[PDB]
file protein16.pdb (PDB, C-alpha atoms)
MODEL        1
ATOM      1  CA  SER N 109       0.000   0.000   0.000
ATOM      2  CA  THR N 110       2.801   2.439   0.837
ATOM      3  CA  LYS N 111       4.497   1.796  -2.519
ATOM      4  CA  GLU N 112       1.262   2.518  -4.394
ATOM      5  CA  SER N 113       0.863   5.842  -2.581
ATOM      6  CA  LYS N 114       4.460   6.797  -3.383
ATOM      7  CA  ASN N 115       3.976   6.098  -7.098
ATOM      8  CA  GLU N 116       0.828   8.232  -7.293
ATOM      9  CA  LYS N 117       2.568  11.186  -5.664
ATOM     10  CA  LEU N 118       5.537  10.789  -8.013
ATOM     11  CA  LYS N 119       3.329  11.034 -11.104
ATOM     12  CA  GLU N 120       1.541  14.150  -9.843
ATOM     13  CA  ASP N 121       4.848  15.829  -8.966
ATOM     14  CA  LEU N 122       6.148  14.971 -12.436
ATOM     15  CA  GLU N 123       3.341  16.770 -14.258
ATOM     16  CA  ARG N 124       3.558  19.818 -11.977
ATOM     17  CA  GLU N 125       7.328  20.181 -12.393
ATOM     18  CA  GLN N 126       6.972  19.867 -16.165
ATOM     19  CA  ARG N 127       4.564  22.816 -16.204
ATOM     20  CA  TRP N 128       6.916  24.892 -14.040
ATOM     21  CA  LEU N 129       9.863  24.129 -16.331
ATOM     22  CA  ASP N 130       7.904  25.278 -19.384
ATOM     23  CA  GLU N 131       6.969  28.600 -17.784
ATOM     24  CA  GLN N 132      10.519  29.196 -16.574
ATOM     25  CA  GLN N 133      11.944  28.557 -20.052
ATOM     26  CA  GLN N 134       9.574  31.171 -21.466
ATOM     27  CA  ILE N 135      10.705  33.675 -18.827
ATOM     28  CA  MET N 136      14.374  32.979 -19.563
ATOM     29  CA  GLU N 137      13.874  33.614 -23.281
ATOM     30  CA  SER N 138      12.084  36.874 -22.471
ATOM     31  CA  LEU N 139      14.928  38.020 -20.200
ATOM     32  CA  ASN N 140      17.537  37.182 -22.838
ATOM     33  CA  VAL N 141      15.694  39.145 -25.527
ATOM     34  CA  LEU N 142      15.096  42.110 -23.209
ATOM     35  CA  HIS N 143      18.728  42.339 -22.112
ATOM     36  CA  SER N 144      19.842  42.111 -25.738
ATOM     37  CA  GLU N 145      17.482  44.941 -26.711
ATOM     38  CA  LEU N 146      18.618  47.187 -23.849
ATOM     39  CA  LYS N 147      22.282  46.514 -24.636
ATOM     40  CA  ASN N 148      21.634  47.373 -28.290
ATOM     41  CA  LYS N 149      19.898  50.598 -27.236
ATOM     42  CA  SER N 154      23.698  65.777 -21.923
ATOM     43  CA  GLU N 155      22.483  69.100 -20.539
ATOM     44  CA  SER N 156      22.250  70.587 -24.037
ATOM     45  CA  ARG N 157      19.931  67.864 -25.335
ATOM     46  CA  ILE N 158      17.765  67.868 -22.188
ATOM     47  CA  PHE N 159      17.202  71.624 -22.425
ATOM     48  CA  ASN N 160      15.960  71.093 -25.989
ATOM     49  CA  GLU N 161      12.851  69.019 -25.231
ATOM     50  CA  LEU N 162      11.667  71.415 -22.525
TER
ATOM     51  CA  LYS V 100      23.715 -16.242  15.474
ATOM     52  CA  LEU V 101      21.352 -15.270  12.650
ATOM     53  CA  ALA V 102      23.353 -17.172  10.027
ATOM     54  CA  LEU V 103      23.381 -20.319  12.159
ATOM     55  CA  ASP V 104      19.623 -20.130  12.710
ATOM     56  CA  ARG V 105      18.925 -19.658   8.995
ATOM     57  CA  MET V 106      21.140 -22.608   8.058
ATOM     58  CA  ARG V 107      19.360 -24.839  10.576
ATOM     59  CA  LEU V 108      15.959 -23.799   9.246
ATOM     60  CA  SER V 109      17.048 -24.360   5.646
ATOM     61  CA  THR V 110      18.329 -27.888   6.249
ATOM     62  CA  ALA V 111      15.295 -28.905   8.321
ATOM     63  CA  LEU V 112      12.954 -27.451   5.699
ATOM     64  CA  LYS V 113      14.799 -29.327   2.949
ATOM     65  CA  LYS V 114      14.573 -32.637   4.802
ATOM     66  CA  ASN V 115      10.746 -32.383   4.887
ATOM     67  CA  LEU V 116      10.051 -30.844   1.468
ATOM     68  CA  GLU V 117       8.099 -33.856   0.061
ATOM     69  CA  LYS V 118       5.521 -33.669   2.937
ATOM     70  CA  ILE V 119       4.878 -29.952   2.032
ATOM     71  CA  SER V 120       3.733 -30.521  -1.636
ATOM     72  CA  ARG V 121       1.187 -33.161  -0.334
ATOM     73  CA  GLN V 122      -0.181 -29.771   1.001
ATOM     74  CA  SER V 123      -3.803 -29.521   2.321
ATOM     75  CA  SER V 124      -2.475 -27.174   5.087
ATOM     76  CA  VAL V 125      -2.813 -23.465   6.125
ATOM     77  CA  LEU V 126       0.969 -22.962   5.560
ATOM     78  CA  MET V 127       0.606 -24.093   1.897
ATOM     79  CA  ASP V 128      -2.220 -21.524   1.441
ATOM     80  CA  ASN V 129      -0.051 -18.709   2.946
ATOM     81  CA  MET V 130       2.666 -19.504   0.352
ATOM     82  CA  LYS V 131       0.234 -19.011  -2.582
ATOM     83  CA  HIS V 132      -0.678 -15.505  -1.227
ATOM     84  CA  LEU V 133       3.037 -14.632  -0.757
ATOM     85  CA  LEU V 134       3.753 -15.288  -4.488
ATOM     86  CA  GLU V 135       0.925 -12.861  -5.461
ATOM     87  CA  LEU V 136       2.343 -10.019  -3.264
ATOM     88  CA  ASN V 137       6.064 -10.112  -4.242
ATOM     89  CA  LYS V 138       5.180  -9.810  -7.931
ATOM     90  CA  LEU V 139       3.091  -6.675  -7.423
ATOM     91  CA  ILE V 140       5.735  -5.058  -5.203
ATOM     92  CA  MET V 141       8.542  -5.647  -7.705
ATOM     93  CA  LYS V 142       6.496  -4.196 -10.568
ATOM     94  CA  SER V 143       5.751  -1.069  -8.526
ATOM     95  CA  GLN V 144       9.454  -0.751  -7.688
ATOM     96  CA  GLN V 145      10.411  -0.731 -11.373
ATOM     97  CA  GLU V 146       7.820   1.931 -12.179
ATOM     98  CA  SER V 147       9.145   4.106  -9.342
ATOM     99  CA  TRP V 148      12.685   3.710 -10.700
ATOM    100  CA  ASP V 149      11.626   5.161 -14.047
TER
ENDMDL
END
call {"tool": "encode", "arguments": {"input": "protein16.pdb", "output": "C-alpha cells"}}
result
Amino acid sequence: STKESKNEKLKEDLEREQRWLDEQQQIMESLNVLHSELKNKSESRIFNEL
Amino acid sequence: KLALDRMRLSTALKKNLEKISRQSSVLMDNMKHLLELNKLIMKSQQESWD
C-alpha cells in the first residue's frame, strides 16, 4: 500500500514540475531578448525638449 | 547467530520438502498468497525507478 501511494505522488509531482519548467523557459527567453534589446539601445539635449 | 539459525531452518525445511507438496495445510495456502504479493511489489518498484 505504501508503494502505491508513493507512485501516485511521483506522477503528480512529475506533471507539476513539467509545467513549471515550461513557464521558466519562457521567462528565460524573455529576459535574454530584453537584455539584448537594452544593450543594443547631456544638458544641451535635455534643455531642448523642454 | 542469525546465520546459524537460517542454516538450521534451511536444512530442516529441505529434509521435509516432500511432505509440504502433499499440502492440504494453512501454511501451503499462505505460500500461494506470498507469491501474489512479491510480484506486485517488484512491478511497482520498477515503475518508481523510471
call {"tool": "atom_distance", "arguments": {"input": "protein16.pdb", "atom1": "CA of residue 149 (chain V)", "atom2": "CA of residue 133 (chain V)"}}
result
25.3 Å
call {"tool": "interface_residues", "arguments": {"input": "protein16.pdb", "of": "chain V", "to": "chain N", "cutoff": "8 Å", "atoms": "all atoms listed in the file", "output": "MDAnalysis selection string"}}
result
chainID V and resid 140 143:144 146:147
call {"tool": "atom_distance", "arguments": {"input": "protein16.pdb", "atom1": "CA of residue 122 (chain V)", "atom2": "CA of residue 136 (chain V)"}}
result
20.4 Å
call {"tool": "atom_distance", "arguments": {"input": "protein16.pdb", "atom1": "CA of residue 137 (chain N)", "atom2": "CA of residue 125 (chain N)"}}
result
18.5 Å
call {"tool": "decode", "arguments": {"input": "protein16.pdb", "residues": "region 111-146 of chain N", "atoms": "N, CA, C and O atoms", "output": "JSON list (two decimals), in the first residue's frame"}}
result
[["chain", "number", "residue", "atom", "x", "y", "z"],
["N", 111, "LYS", "N", 3.88, 1.62, -1.21],
["N", 111, "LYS", "CA", 4.50, 1.80, -2.52],
["N", 111, "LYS", "C", 3.52, 2.40, -3.52],
["N", 111, "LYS", "O", 3.89, 3.26, -4.33],
["N", 112, "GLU", "N", 2.26, 1.95, -3.49],
["N", 112, "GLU", "CA", 1.26, 2.52, -4.39],
["N", 112, "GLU", "C", 1.09, 4.02, -4.16],
["N", 112, "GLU", "O", 1.06, 4.82, -5.11],
["N", 113, "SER", "N", 1.00, 4.42, -2.89],
["N", 113, "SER", "CA", 0.86, 5.84, -2.58],
["N", 113, "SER", "C", 2.06, 6.64, -3.10],
["N", 113, "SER", "O", 1.89, 7.74, -3.67],
["N", 114, "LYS", "N", 3.26, 6.11, -2.91],
["N", 114, "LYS", "CA", 4.46, 6.80, -3.38],
["N", 114, "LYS", "C", 4.43, 7.00, -4.89],
["N", 114, "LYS", "O", 4.77, 8.08, -5.39],
["N", 115, "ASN", "N", 4.01, 5.97, -5.64],
["N", 115, "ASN", "CA", 3.98, 6.10, -7.10],
["N", 115, "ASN", "C", 2.98, 7.17, -7.54],
["N", 115, "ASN", "O", 3.27, 7.96, -8.46],
["N", 116, "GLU", "N", 1.80, 7.20, -6.92],
["N", 116, "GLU", "CA", 0.83, 8.23, -7.29],
["N", 116, "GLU", "C", 1.40, 9.63, -7.08],
["N", 116, "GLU", "O", 1.30, 10.50, -7.97],
["N", 117, "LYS", "N", 2.01, 9.86, -5.92],
["N", 117, "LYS", "CA", 2.57, 11.19, -5.66],
["N", 117, "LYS", "C", 3.67, 11.52, -6.66],
["N", 117, "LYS", "O", 3.79, 12.68, -7.10],
["N", 118, "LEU", "N", 4.48, 10.53, -7.04],
["N", 118, "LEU", "CA", 5.54, 10.79, -8.01],
["N", 118, "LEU", "C", 4.97, 11.27, -9.34],
["N", 118, "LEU", "O", 5.49, 12.22, -9.94],
["N", 119, "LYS", "N", 3.90, 10.62, -9.82],
["N", 119, "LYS", "CA", 3.33, 11.03, -11.10],
["N", 119, "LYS", "C", 2.80, 12.47, -11.04],
["N", 119, "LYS", "O", 3.03, 13.28, -11.96],
["N", 120, "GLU", "N", 2.08, 12.79, -9.96],
["N", 120, "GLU", "CA", 1.54, 14.15, -9.84],
["N", 120, "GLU", "C", 2.66, 15.19, -9.80],
["N", 120, "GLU", "O", 2.59, 16.23, -10.48],
["N", 121, "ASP", "N", 3.71, 14.92, -9.02],
["N", 121, "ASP", "CA", 4.85, 15.83, -8.97],
["N", 121, "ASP", "C", 5.48, 15.99, -10.34],
["N", 121, "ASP", "O", 5.91, 17.09, -10.70],
["N", 122, "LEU", "N", 5.55, 14.90, -11.11],
["N", 122, "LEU", "CA", 6.15, 14.97, -12.44],
["N", 122, "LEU", "C", 5.41, 15.96, -13.32],
["N", 122, "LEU", "O", 6.04, 16.83, -13.95],
["N", 123, "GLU", "N", 4.08, 15.86, -13.38],
["N", 123, "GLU", "CA", 3.34, 16.77, -14.26],
["N", 123, "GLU", "C", 3.50, 18.22, -13.80],
["N", 123, "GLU", "O", 3.69, 19.14, -14.62],
["N", 124, "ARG", "N", 3.45, 18.45, -12.48],
["N", 124, "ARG", "CA", 3.56, 19.82, -11.98],
["N", 124, "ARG", "C", 4.92, 20.43, -12.32],
["N", 124, "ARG", "O", 5.00, 21.58, -12.77],
["N", 125, "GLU", "N", 5.99, 19.67, -12.11],
["N", 125, "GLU", "CA", 7.33, 20.18, -12.39],
["N", 125, "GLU", "C", 7.51, 20.44, -13.88],
["N", 125, "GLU", "O", 8.22, 21.37, -14.27],
["N", 126, "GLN", "N", 6.90, 19.61, -14.73],
["N", 126, "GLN", "CA", 6.97, 19.87, -16.17],
["N", 126, "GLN", "C", 6.36, 21.22, -16.52],
["N", 126, "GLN", "O", 6.95, 22.01, -17.28],
["N", 127, "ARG", "N", 5.18, 21.52, -15.95],
["N", 127, "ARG", "CA", 4.56, 22.82, -16.20],
["N", 127, "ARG", "C", 5.46, 23.97, -15.75],
["N", 127, "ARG", "O", 5.64, 24.96, -16.47],
["N", 128, "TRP", "N", 6.04, 23.84, -14.54],
["N", 128, "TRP", "CA", 6.92, 24.89, -14.04],
["N", 128, "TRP", "C", 8.11, 25.10, -14.96],
["N", 128, "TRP", "O", 8.51, 26.25, -15.22],
["N", 129, "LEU", "N", 8.71, 24.01, -15.44],
["N", 129, "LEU", "CA", 9.86, 24.13, -16.33],
["N", 129, "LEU", "C", 9.50, 24.87, -17.61],
["N", 129, "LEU", "O", 10.27, 25.70, -18.09],
["N", 130, "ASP", "N", 8.33, 24.57, -18.18],
["N", 130, "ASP", "CA", 7.90, 25.28, -19.38],
["N", 130, "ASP", "C", 7.81, 26.78, -19.14],
["N", 130, "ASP", "O", 8.35, 27.59, -19.91],
["N", 131, "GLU", "N", 7.12, 27.17, -18.06],
["N", 131, "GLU", "CA", 6.97, 28.60, -17.78],
["N", 131, "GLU", "C", 8.32, 29.27, -17.59],
["N", 131, "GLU", "O", 8.56, 30.39, -18.06],
["N", 132, "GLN", "N", 9.23, 28.59, -16.89],
["N", 132, "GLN", "CA", 10.52, 29.20, -16.57],
["N", 132, "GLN", "C", 11.38, 29.34, -17.83],
["N", 132, "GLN", "O", 12.14, 30.30, -17.96],
["N", 133, "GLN", "N", 11.26, 28.40, -18.77],
["N", 133, "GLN", "CA", 11.94, 28.56, -20.05],
["N", 133, "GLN", "C", 11.43, 29.78, -20.80],
["N", 133, "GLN", "O", 12.22, 30.54, -21.38],
["N", 134, "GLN", "N", 10.11, 29.98, -20.82],
["N", 134, "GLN", "CA", 9.57, 31.17, -21.47],
["N", 134, "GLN", "C", 10.14, 32.44, -20.84],
["N", 134, "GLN", "O", 10.56, 33.37, -21.55],
["N", 135, "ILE", "N", 10.18, 32.49, -19.50],
["N", 135, "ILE", "CA", 10.71, 33.67, -18.83],
["N", 135, "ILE", "C", 12.17, 33.90, -19.17],
["N", 135, "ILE", "O", 12.61, 35.04, -19.37],
["N", 136, "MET", "N", 12.96, 32.82, -19.24],
["N", 136, "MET", "CA", 14.37, 32.98, -19.56],
["N", 136, "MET", "C", 14.56, 33.54, -20.97],
["N", 136, "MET", "O", 15.41, 34.42, -21.18],
["N", 137, "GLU", "N", 13.78, 33.05, -21.93],
["N", 137, "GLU", "CA", 13.87, 33.61, -23.28],
["N", 137, "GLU", "C", 13.52, 35.10, -23.28],
["N", 137, "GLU", "O", 14.19, 35.91, -23.95],
["N", 138, "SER", "N", 12.47, 35.47, -22.54],
["N", 138, "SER", "CA", 12.08, 36.87, -22.47],
["N", 138, "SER", "C", 13.20, 37.73, -21.88],
["N", 138, "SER", "O", 13.50, 38.82, -22.40],
["N", 139, "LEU", "N", 13.83, 37.27, -20.80],
["N", 139, "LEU", "CA", 14.93, 38.02, -20.20],
["N", 139, "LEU", "C", 16.09, 38.17, -21.16],
["N", 139, "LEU", "O", 16.70, 39.24, -21.25],
["N", 140, "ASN", "N", 16.44, 37.10, -21.88],
["N", 140, "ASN", "CA", 17.54, 37.18, -22.84],
["N", 140, "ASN", "C", 17.25, 38.23, -23.90],
["N", 140, "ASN", "O", 18.10, 39.09, -24.19],
["N", 141, "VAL", "N", 16.05, 38.19, -24.48],
["N", 141, "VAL", "CA", 15.69, 39.14, -25.53],
["N", 141, "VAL", "C", 15.71, 40.57, -24.98],
["N", 141, "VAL", "O", 16.21, 41.49, -25.64],
["N", 142, "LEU", "N", 15.17, 40.77, -23.78],
["N", 142, "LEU", "CA", 15.10, 42.11, -23.21],
["N", 142, "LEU", "C", 16.49, 42.67, -22.94],
["N", 142, "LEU", "O", 16.76, 43.84, -23.23],
["N", 143, "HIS", "N", 17.38, 41.86, -22.36],
["N", 143, "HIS", "CA", 18.73, 42.34, -22.11],
["N", 143, "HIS", "C", 19.45, 42.65, -23.41],
["N", 143, "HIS", "O", 20.18, 43.64, -23.50],
["N", 144, "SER", "N", 19.24, 41.82, -24.44],
["N", 144, "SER", "CA", 19.84, 42.11, -25.74],
["N", 144, "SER", "C", 19.35, 43.44, -26.29],
["N", 144, "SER", "O", 20.14, 44.25, -26.80],
["N", 145, "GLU", "N", 18.04, 43.69, -26.19],
["N", 145, "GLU", "CA", 17.48, 44.94, -26.71],
["N", 145, "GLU", "C", 18.02, 46.15, -25.96],
["N", 145, "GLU", "O", 18.39, 47.16, -26.57],
["N", 146, "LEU", "N", 18.08, 46.07, -24.62],
["N", 146, "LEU", "CA", 18.62, 47.19, -23.85],
["N", 146, "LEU", "C", 20.09, 47.42, -24.15],
["N", 146, "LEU", "O", 20.54, 48.57, -24.25]]
